[PDB]
$ cat coords.csv   # CSV, C-alpha atoms and all ligand atoms
chain,number,residue,atom,x,y,z
W,1,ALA,CA,-22.0,-8.4,6.2
W,2,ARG,CA,-22.9,-4.7,7.0
W,3,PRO,CA,-25.0,-2.9,4.3
W,4,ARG,CA,-22.7,-2.4,1.3
W,5,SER,CA,-21.1,0.9,0.5
W,6,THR,CA,-19.4,1.9,-2.7
W,7,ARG,CA,-18.8,5.5,-1.4
W,8,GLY,CA,-15.5,6.8,-2.7
W,9,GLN,CA,-15.2,3.8,-5.0
W,10,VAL,CA,-15.1,3.7,-8.8
W,11,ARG,CA,-16.7,0.8,-10.8
W,12,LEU,CA,-14.3,-0.9,-13.2
W,13,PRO,CA,-15.4,-3.3,-16.0
W,14,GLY,CA,-12.7,-5.9,-15.4
W,15,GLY,CA,-12.3,-8.3,-18.4
W,16,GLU,CA,-8.9,-9.9,-19.4
W,17,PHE,CA,-5.5,-8.4,-18.7
W,18,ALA,CA,-1.9,-9.5,-18.6
W,19,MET,CA,-0.8,-9.9,-14.9
W,20,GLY,CA,2.9,-9.8,-14.0
W,21,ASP,CA,6.2,-8.2,-14.7
W,22,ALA,CA,6.7,-7.9,-18.5
W,23,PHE,CA,10.2,-6.6,-18.1
W,24,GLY,CA,11.8,-9.1,-15.7
W,25,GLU,CA,12.9,-6.4,-13.3
W,26,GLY,CA,11.9,-7.9,-10.0
W,27,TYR,CA,14.0,-10.4,-8.1
W,28,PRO,CA,13.3,-14.2,-8.3
W,29,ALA,CA,11.8,-14.6,-4.8
W,30,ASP,CA,9.1,-12.0,-5.5
W,31,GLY,CA,7.4,-14.3,-8.1
W,32,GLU,CA,6.3,-11.5,-10.4
W,33,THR,CA,6.5,-14.0,-13.3
W,34,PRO,CA,5.1,-15.6,-15.5
W,35,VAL,CA,3.0,-12.9,-17.1
W,36,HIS,CA,-0.3,-14.7,-17.2
W,37,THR,CA,-3.8,-13.8,-18.4
W,38,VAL,CA,-6.4,-13.1,-15.7
W,39,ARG,CA,-10.1,-12.6,-16.2
W,40,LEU,CA,-11.9,-10.4,-13.7
W,41,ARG,CA,-15.6,-9.7,-13.3
W,42,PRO,CA,-16.7,-6.0,-12.8
W,43,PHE,CA,-15.9,-4.7,-9.3
W,44,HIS,CA,-15.5,-1.6,-7.2
W,45,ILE,CA,-12.2,-0.2,-5.7
W,46,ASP,CA,-11.4,2.9,-3.6
W,47,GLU,CA,-10.1,5.8,-5.7
W,48,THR,CA,-7.8,6.6,-2.7
W,49,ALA,CA,-6.1,4.8,0.1
W,50,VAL,CA,-8.0,4.9,3.4
W,51,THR,CA,-7.5,8.2,5.2
W,52,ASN,CA,-6.8,9.0,8.8
W,53,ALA,CA,-10.2,10.7,9.0
W,54,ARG,CA,-12.1,7.6,7.8
W,55,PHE,CA,-10.1,5.2,10.1
W,56,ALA,CA,-10.9,7.5,13.0
W,57,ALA,CA,-14.6,7.2,12.3
W,58,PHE,CA,-14.1,3.4,12.3
W,59,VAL,CA,-12.3,3.4,15.6
W,60,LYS,CA,-14.8,5.8,17.1
W,61,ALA,CA,-17.7,3.6,16.0
W,62,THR,CA,-16.1,0.2,17.1
W,63,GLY,CA,-13.4,0.8,19.8
W,64,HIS,CA,-11.0,-1.2,17.5
W,65,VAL,CA,-7.5,-1.7,19.0
W,66,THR,CA,-4.9,-2.0,16.3
W,67,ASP,CA,-2.1,-4.7,16.3
W,68,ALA,CA,0.5,-1.9,16.8
W,69,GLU,CA,-1.2,-0.8,20.0
W,70,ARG,CA,-1.7,-4.4,21.2
W,71,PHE,CA,1.9,-5.2,20.5
W,72,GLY,CA,2.9,-1.8,22.0
W,73,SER,CA,5.2,-0.6,19.3
W,74,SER,CA,5.5,-0.2,15.5
W,75,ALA,CA,8.3,0.5,13.0
W,76,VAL,CA,9.1,4.1,12.3
W,77,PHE,CA,11.7,5.4,9.8
W,78,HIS,CA,14.8,6.6,11.6
W,79,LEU,CA,14.7,10.2,10.3
W,80,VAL,CA,11.2,11.1,11.5
W,81,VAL,CA,11.3,9.5,15.0
W,82,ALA,CA,9.5,11.9,17.3
W,83,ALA,CA,9.6,10.2,20.8
W,84,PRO,CA,11.4,10.2,24.1
W,85,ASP,CA,14.7,8.2,24.0
W,86,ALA,CA,13.2,5.6,26.4
W,87,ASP,CA,10.6,4.7,23.7
W,88,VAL,CA,13.3,3.6,21.2
W,89,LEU,CA,13.4,-0.1,21.6
W,90,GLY,CA,16.1,-0.8,18.9
W,91,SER,CA,16.5,-0.9,15.1
W,92,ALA,CA,15.3,-3.7,12.8
W,93,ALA,CA,18.2,-6.2,12.7
W,94,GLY,CA,17.9,-6.4,8.9
W,95,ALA,CA,17.0,-2.8,8.2
W,96,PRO,CA,18.7,-0.3,10.6
W,97,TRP,CA,16.7,2.6,9.2
W,98,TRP,CA,13.6,1.1,10.8
W,99,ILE,CA,13.2,2.0,14.4
W,100,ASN,CA,11.0,0.1,16.9
W,101,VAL,CA,9.2,2.9,18.7
W,102,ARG,CA,7.0,2.3,21.8
W,103,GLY,CA,3.6,3.9,21.4
W,104,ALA,CA,3.9,4.5,17.7
W,105,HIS,CA,0.5,3.8,16.0
W,106,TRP,CA,-2.0,5.3,13.6
W,107,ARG,CA,-2.8,8.3,15.9
W,108,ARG,CA,0.9,9.0,16.7
W,109,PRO,CA,2.7,7.8,13.6
W,110,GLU,CA,6.2,8.9,14.6
W,111,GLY,CA,5.8,8.1,18.3
W,112,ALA,CA,4.3,9.8,21.5
W,113,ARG,CA,5.4,13.3,20.4
W,114,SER,CA,3.5,13.2,17.2
W,115,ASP,CA,-0.1,13.6,16.2
W,116,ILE,CA,-2.2,13.5,12.9
W,117,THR,CA,-4.1,16.8,13.4
W,118,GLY,CA,-2.6,18.2,10.3
W,119,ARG,CA,-3.0,14.9,8.4
W,120,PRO,CA,-6.7,14.0,8.2
W,121,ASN,CA,-6.5,13.4,4.4
W,122,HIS,CA,-3.3,11.5,4.6
W,123,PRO,CA,-3.4,7.7,4.3
W,124,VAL,CA,-3.8,5.9,7.6
W,125,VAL,CA,-0.5,4.0,8.5
W,126,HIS,CA,0.6,1.5,11.2
W,127,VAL,CA,-2.4,-0.6,10.2
W,128,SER,CA,-1.9,-4.4,9.9
W,129,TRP,CA,-3.8,-6.7,7.6
W,130,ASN,CA,-6.0,-7.5,10.5
W,131,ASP,CA,-6.8,-3.8,11.1
W,132,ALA,CA,-7.3,-3.3,7.3
W,133,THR,CA,-9.8,-6.2,7.0
W,134,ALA,CA,-11.7,-5.1,10.2
W,135,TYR,CA,-12.1,-1.6,8.8
W,136,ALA,CA,-13.4,-2.9,5.5
W,137,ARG,CA,-16.0,-5.0,7.3
W,138,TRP,CA,-17.4,-2.1,9.3
W,139,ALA,CA,-17.2,0.1,6.2
W,140,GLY,CA,-19.3,-2.3,4.1
W,141,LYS,CA,-16.5,-3.2,1.8
W,142,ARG,CA,-13.5,-5.7,1.5
W,143,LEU,CA,-9.9,-5.6,0.5
W,144,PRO,CA,-9.1,-6.0,-3.2
W,145,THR,CA,-7.5,-9.2,-4.4
W,146,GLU,CA,-3.9,-8.8,-5.8
W,147,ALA,CA,-5.3,-9.3,-9.3
W,148,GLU,CA,-8.0,-6.6,-8.8
W,149,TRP,CA,-5.3,-4.4,-7.4
W,150,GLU,CA,-2.9,-4.7,-10.3
W,151,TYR,CA,-5.7,-4.4,-12.9
W,152,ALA,CA,-7.0,-1.2,-11.2
W,153,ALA,CA,-3.5,0.2,-10.9
W,154,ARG,CA,-2.7,-0.4,-14.6
W,155,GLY,CA,-5.4,2.1,-15.4
W,156,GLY,CA,-6.6,0.6,-18.6
W,157,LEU,CA,-3.1,0.3,-20.0
W,158,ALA,CA,-1.5,-3.0,-21.1
W,159,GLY,CA,2.0,-4.2,-20.2
W,160,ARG,CA,3.4,-0.8,-19.0
W,161,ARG,CA,6.1,-0.6,-16.3
W,162,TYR,CA,4.1,2.0,-14.3
W,163,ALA,CA,0.5,3.0,-13.7
W,164,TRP,CA,0.9,5.8,-16.2
W,165,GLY,CA,3.4,4.3,-18.7
W,166,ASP,CA,7.0,3.1,-19.1
W,167,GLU,CA,8.9,6.3,-18.0
W,168,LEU,CA,9.1,6.8,-14.2
W,169,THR,CA,9.4,10.6,-14.5
W,170,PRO,CA,7.7,11.5,-17.8
W,171,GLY,CA,9.2,14.8,-19.2
W,172,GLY,CA,11.6,14.8,-16.2
W,173,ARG,CA,8.8,15.3,-13.7
W,174,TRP,CA,7.3,13.4,-10.8
W,175,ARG,CA,3.7,12.2,-10.4
W,176,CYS,CA,4.2,9.8,-7.4
W,177,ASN,CA,5.5,10.0,-3.9
W,178,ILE,CA,8.7,7.9,-3.5
W,179,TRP,CA,12.3,8.7,-2.3
W,180,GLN,CA,14.9,10.9,-4.1
W,181,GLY,CA,18.5,11.4,-2.9
W,182,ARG,CA,21.0,9.4,-0.8
W,183,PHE,CA,18.8,6.7,1.0
W,184,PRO,CA,18.5,6.4,3.9
W,185,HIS,CA,20.1,9.6,4.9
W,186,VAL,CA,19.1,12.4,2.6
W,187,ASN,CA,15.7,13.0,1.0
W,188,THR,CA,15.6,15.8,-1.6
W,189,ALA,CA,11.8,15.8,-1.8
W,190,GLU,CA,11.9,16.4,-5.6
W,191,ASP,CA,8.4,14.9,-5.8
W,192,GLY,CA,7.3,17.5,-3.2
W,193,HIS,CA,7.0,15.2,-0.1
W,194,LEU,CA,9.3,13.9,2.5
W,195,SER,CA,6.8,11.7,4.3
W,196,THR,CA,3.3,10.7,3.3
W,197,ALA,CA,1.3,13.0,0.9
W,198,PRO,CA,-2.5,13.6,0.9
W,199,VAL,CA,-4.3,10.7,-0.7
W,200,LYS,CA,-5.4,12.8,-3.6
W,201,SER,CA,-2.2,14.3,-4.9
W,202,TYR,CA,-0.5,14.5,-8.3
W,203,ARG,CA,-3.3,13.0,-10.5
W,204,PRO,CA,-5.3,9.8,-10.9
W,205,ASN,CA,-4.4,6.9,-13.3
W,206,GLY,CA,-6.7,6.0,-16.2
W,207,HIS,CA,-9.2,4.2,-14.0
W,208,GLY,CA,-9.4,7.2,-11.6
W,209,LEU,CA,-7.1,5.6,-8.8
W,210,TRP,CA,-4.8,8.0,-7.0
W,211,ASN,CA,-1.3,7.0,-5.7
W,212,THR,CA,-1.3,3.2,-6.4
W,213,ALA,CA,2.4,3.7,-6.9
W,214,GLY,CA,4.3,5.1,-3.9
W,215,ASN,CA,3.1,7.0,-0.9
W,216,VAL,CA,2.1,3.9,1.2
W,217,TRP,CA,2.2,0.2,0.7
W,218,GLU,CA,-1.3,-1.3,0.3
W,219,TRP,CA,-2.5,-4.6,1.8
W,220,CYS,CA,-4.4,-7.0,-0.5
W,221,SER,CA,-6.5,-10.0,0.6
W,222,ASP,CA,-4.2,-12.7,-0.9
W,223,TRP,CA,-1.8,-14.9,0.9
W,224,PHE,CA,1.6,-14.5,-0.8
W,225,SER,CA,3.3,-17.2,-2.7
W,226,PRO,CA,6.3,-16.8,-5.1
W,227,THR,CA,4.9,-19.6,-7.4
W,228,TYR,CA,1.2,-18.6,-7.5
W,229,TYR,CA,1.5,-16.9,-10.9
W,230,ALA,CA,2.5,-20.2,-12.4
W,231,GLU,CA,-0.5,-22.0,-10.8
W,232,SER,CA,-3.1,-19.3,-10.9
W,233,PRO,CA,-6.6,-19.9,-12.3
W,234,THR,CA,-7.7,-17.5,-15.0
W,235,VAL,CA,-11.0,-16.3,-13.4
W,236,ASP,CA,-11.0,-14.2,-10.2
W,237,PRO,CA,-7.9,-15.6,-8.5
W,238,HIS,CA,-7.8,-15.2,-4.7
W,239,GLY,CA,-4.3,-16.4,-4.0
W,240,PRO,CA,-3.4,-19.8,-2.4
W,241,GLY,CA,-5.6,-21.2,0.4
W,242,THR,CA,-2.9,-21.1,3.1
W,243,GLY,CA,0.2,-19.0,3.7
W,244,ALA,CA,2.4,-17.1,6.2
W,245,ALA,CA,2.3,-13.6,4.8
W,246,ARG,CA,-0.3,-11.5,3.1
W,247,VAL,CA,0.3,-9.6,-0.2
W,248,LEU,CA,1.1,-5.9,-0.2
W,249,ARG,CA,1.5,-3.6,-3.3
W,250,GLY,CA,2.5,-0.2,-4.5
W,251,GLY,CA,5.7,0.8,-2.7
W,252,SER,CA,6.0,3.8,-0.5
W,253,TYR,CA,7.5,7.3,0.1
W,254,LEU,CA,10.7,5.5,1.2
W,255,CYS,CA,11.3,3.6,-2.1
W,256,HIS,CA,14.5,4.4,-4.0
W,257,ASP,CA,16.4,2.4,-6.7
W,258,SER,CA,19.4,1.6,-4.5
W,259,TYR,CA,17.4,-1.1,-2.6
W,260,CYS,CA,13.8,-0.7,-4.0
W,261,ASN,CA,12.0,-0.7,-7.3
W,262,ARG,CA,8.6,-1.6,-5.7
W,263,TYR,CA,6.6,1.3,-7.3
W,264,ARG,CA,6.4,-0.7,-10.6
W,265,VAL,CA,2.8,-1.8,-11.2
W,266,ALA,CA,3.8,-5.5,-11.3
W,267,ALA,CA,6.0,-5.3,-8.2
W,268,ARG,CA,4.8,-7.4,-5.2
W,269,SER,CA,5.9,-8.1,-1.7
W,270,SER,CA,4.3,-9.5,1.5
W,271,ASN,CA,4.3,-9.3,5.3
W,272,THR,CA,2.8,-11.3,8.3
W,273,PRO,CA,-0.8,-10.2,8.8
W,274,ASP,CA,-0.2,-8.6,12.2
W,275,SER,CA,2.8,-6.5,11.2
W,276,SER,CA,2.6,-2.7,10.9
W,277,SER,CA,4.8,0.3,9.9
W,278,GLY,CA,4.7,4.0,9.1
W,279,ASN,CA,4.6,3.4,5.4
W,280,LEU,CA,1.9,0.9,5.1
W,281,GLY,CA,-1.9,1.4,4.6
W,282,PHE,CA,-4.6,0.1,2.4
W,283,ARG,CA,-7.5,0.8,0.1
W,284,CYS,CA,-10.8,-1.0,0.0
W,285,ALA,CA,-12.8,-2.7,-2.8
W,286,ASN,CA,-16.2,-4.4,-3.4
W,287,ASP,CA,-18.0,-6.8,-5.8
W,288,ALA,CA,-20.2,-5.2,-8.4
D,1,CA,CA,8.8,11.8,-1.7
$ encode --input "coords.csv" --output "structure tokens"
Amino acid sequence: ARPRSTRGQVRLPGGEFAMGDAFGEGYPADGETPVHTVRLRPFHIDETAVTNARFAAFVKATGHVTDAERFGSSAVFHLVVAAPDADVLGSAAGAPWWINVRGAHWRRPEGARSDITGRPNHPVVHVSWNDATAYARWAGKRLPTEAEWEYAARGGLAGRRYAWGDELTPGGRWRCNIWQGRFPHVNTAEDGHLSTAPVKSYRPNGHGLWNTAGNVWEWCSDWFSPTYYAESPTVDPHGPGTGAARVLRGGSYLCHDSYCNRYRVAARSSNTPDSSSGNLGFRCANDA
């Protein structure tokens, strides 16, 4: 391990909390139930998702090549594709709004005709689980467990639907970056952002974490299993020992009811560790 750094991290006391979907709003294969008691020891977690600027420092220091670069392409939402026609490789068979764009990666998130010069304080995207874990190691940190992630995101509140409470738009107003309008064709940007927002935007939750709901998906250390909640230990669960996909949490700027409720604090998903997309980043953590 590199010398530890809790820079840009808040220390949370842990303790017991009720992990899982209280409301039964996820779909069966997500395994958000049963609601089960988890006991966490005190730990540190990034107040924000990792930014473009910090990931640049990592790459400058290490020469890290991301999976998206190695594979040669990454998934870009159809509306923002900024590339020559020859770099469009085809849409995702299952999700036609996801475009496979040659050369799309963290530096050029919409393809070769894009850059991040205006987005240093935006979350880094097109980063795989591998990229995320490599960053954390150089940075003197780790990824949070899924349990740590949910605890931190709940912000000291018990059994709420969202990081801040049960109403999605309290007082009719937005405090997270998701999708409003006719998905996947029209984004009304009611929440003030079409694509990613700065990592500190809106306001923090009760634990001082910003944007755990929406903006970008966030990789956790755990292997995903839809039955793990039923077989989880009480103290510091790390997920199952083997698996195919790693856990991601939070939902993104592309989330809308019609197909997605993933901004709920208890919502969970997963992806193969080497996968990447323009709506998927991460935040780091540490033991106390
Ligand atoms: Ca938005």
$ residues_near_ligand --input "coords.csv" --ligand "ligand CA 1 (chain D)" --cutoff "9 Å" --atoms "only C-alpha atoms and all ligand atoms" --output "list in words"
residues 176, 177, 178, 179, 180, 187, 188, 189, 190, 191, 192, 193, 194, 195, 196, 197, 214, 215, 252, 253, 254 and 255 of chain W
$ atom_distance --input "coords.csv" --atom1 "CA of residue 87 (chain W)" --atom2 "CA of residue 74 (chain W)"
10.8 Å
$ closest_residue --input "coords.csv" --among "W:37, W:258, W:6, W:130" --to "residue 230 (chain W)" --atoms "all atoms listed in the file"
W:37
$ closest_residue --input "coords.csv" --among "W:146, W:117, W:262, W:181" --to "residue 239 (chain W)" --atoms "all atoms listed in the file"
W:146
$ residues_around --input "coords.csv" --residues "residue 23 (chain W)" --least-positions-apart "4" --cutoff "10 Å" --atoms "all atoms listed in the file" --output "ChimeraX atom specification"
/W:32-33,35,159-161,266
$ write_last_selection --input "coords.csv" --atoms "C-alpha atoms" --output "short mmCIF file (atom, residue, chain, number, x, y, z; two decimals), in the frame of the given file"
data_model
loop_
_atom_site.label_atom_id
_atom_site.label_comp_id
_atom_site.auth_asym_id
_atom_site.auth_seq_id
_atom_site.Cartn_x
_atom_site.Cartn_y
_atom_site.Cartn_z
CA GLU W 32 6.30 -11.50 -10.40
CA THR W 33 6.50 -14.00 -13.30
CA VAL W 35 3.00 -12.90 -17.10
CA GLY W 159 2.00 -4.20 -20.20
CA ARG W 160 3.40 -0.80 -19.00
CA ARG W 161 6.10 -0.60 -16.30
CA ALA W 266 3.80 -5.50 -11.30
#
$ residues_around --input "coords.csv" --residues "region 199-203 of chain W" --least-positions-apart "2" --cutoff "9 Å" --atoms "all atoms listed in the file" --output "number ranges by chain"
W: 47-51, 121-123, 174-177, 196-197, 205, 208-211, 215
$ build_atoms --input "coords.csv" --residues "region 83-97 of chain W" --atoms "N, CA, C and O atoms" --output "PDB file, in the coordinates of the input"
ATOM      1  N   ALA W  83       9.921  10.946  19.536  1.00  0.00           N
ATOM      2  CA  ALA W  83       9.600  10.200  20.800  1.00  0.00           C
ATOM      3  C   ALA W  83      10.683  10.449  21.800  1.00  0.00           C
ATOM      4  O   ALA W  83      11.804  10.828  21.445  1.00  0.00           O
ATOM      5  N   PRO W  84      10.356  10.232  23.090  1.00  0.00           N
ATOM      6  CA  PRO W  84      11.400  10.200  24.100  1.00  0.00           C
ATOM      7  C   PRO W  84      12.365   9.031  23.879  1.00  0.00           C
ATOM      8  O   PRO W  84      11.931   7.966  23.423  1.00  0.00           O
ATOM      9  N   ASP W  85      13.636   9.233  24.221  1.00  0.00           N
ATOM     10  CA  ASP W  85      14.700   8.200  24.000  1.00  0.00           C
ATOM     11  C   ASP W  85      14.379   6.872  24.632  1.00  0.00           C
ATOM     12  O   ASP W  85      14.834   5.851  24.108  1.00  0.00           O
ATOM     13  N   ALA W  86      13.601   6.862  25.717  1.00  0.00           N
ATOM     14  CA  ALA W  86      13.200   5.600  26.400  1.00  0.00           C
ATOM     15  C   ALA W  86      12.189   4.777  25.585  1.00  0.00           C
ATOM     16  O   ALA W  86      11.971   3.605  25.904  1.00  0.00           O
ATOM     17  N   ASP W  87      11.589   5.374  24.554  1.00  0.00           N
ATOM     18  CA  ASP W  87      10.600   4.700  23.700  1.00  0.00           C
ATOM     19  C   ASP W  87      11.251   4.025  22.494  1.00  0.00           C
ATOM     20  O   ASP W  87      10.582   3.286  21.776  1.00  0.00           O
ATOM     21  N   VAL W  88      12.529   4.310  22.250  1.00  0.00           N
ATOM     22  CA  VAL W  88      13.300   3.600  21.200  1.00  0.00           C
ATOM     23  C   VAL W  88      13.713   2.270  21.718  1.00  0.00           C
ATOM     24  O   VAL W  88      14.460   2.178  22.693  1.00  0.00           O
ATOM     25  N   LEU W  89      13.228   1.215  21.071  1.00  0.00           N
ATOM     26  CA  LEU W  89      13.400  -0.100  21.600  1.00  0.00           C
ATOM     27  C   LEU W  89      14.598  -0.853  20.831  1.00  0.00           C
ATOM     28  O   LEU W  89      15.106  -1.883  21.298  1.00  0.00           O
ATOM     29  N   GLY W  90      15.024  -0.275  19.710  1.00  0.00           N
ATOM     30  CA  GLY W  90      16.100  -0.800  18.900  1.00  0.00           C
ATOM     31  C   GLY W  90      15.703  -0.813  17.419  1.00  0.00           C
ATOM     32  O   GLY W  90      14.519  -0.719  17.093  1.00  0.00           O
ATOM     33  N   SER W  91      16.698  -0.893  16.537  1.00  0.00           N
ATOM     34  CA  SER W  91      16.500  -0.900  15.100  1.00  0.00           C
ATOM     35  C   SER W  91      16.148  -2.344  14.646  1.00  0.00           C
ATOM     36  O   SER W  91      16.514  -3.314  15.328  1.00  0.00           O
ATOM     37  N   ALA W  92      15.492  -2.459  13.494  1.00  0.00           N
ATOM     38  CA  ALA W  92      15.300  -3.700  12.800  1.00  0.00           C
ATOM     39  C   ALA W  92      16.647  -4.302  12.439  1.00  0.00           C
ATOM     40  O   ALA W  92      17.430  -3.633  11.750  1.00  0.00           O
ATOM     41  N   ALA W  93      16.937  -5.511  12.920  1.00  0.00           N
ATOM     42  CA  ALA W  93      18.200  -6.200  12.700  1.00  0.00           C
ATOM     43  C   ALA W  93      18.629  -6.164  11.201  1.00  0.00           C
ATOM     44  O   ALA W  93      19.806  -5.954  10.885  1.00  0.00           O
ATOM     45  N   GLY W  94      17.665  -6.387  10.316  1.00  0.00           N
ATOM     46  CA  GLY W  94      17.900  -6.400   8.900  1.00  0.00           C
ATOM     47  C   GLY W  94      17.949  -5.041   8.239  1.00  0.00           C
ATOM     48  O   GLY W  94      18.734  -4.807   7.310  1.00  0.00           O
ATOM     49  N   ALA W  95      17.096  -4.139   8.735  1.00  0.00           N
ATOM     50  CA  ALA W  95      17.000  -2.800   8.200  1.00  0.00           C
ATOM     51  C   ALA W  95      17.119  -1.704   9.278  1.00  0.00           C
ATOM     52  O   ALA W  95      16.120  -1.245   9.846  1.00  0.00           O
ATOM     53  N   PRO W  96      18.370  -1.281   9.553  1.00  0.00           N
ATOM     54  CA  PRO W  96      18.700  -0.300  10.600  1.00  0.00           C
ATOM     55  C   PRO W  96      18.073   1.076  10.522  1.00  0.00           C
ATOM     56  O   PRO W  96      18.174   1.855  11.478  1.00  0.00           O
ATOM     57  N   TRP W  97      17.429   1.379   9.396  1.00  0.00           N
ATOM     58  CA  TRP W  97      16.700   2.600   9.200  1.00  0.00           C
ATOM     59  C   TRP W  97      15.256   2.529   9.752  1.00  0.00           C
ATOM     60  O   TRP W  97      14.514   3.527   9.792  1.00  0.00           O
TER      61      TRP W  97
END
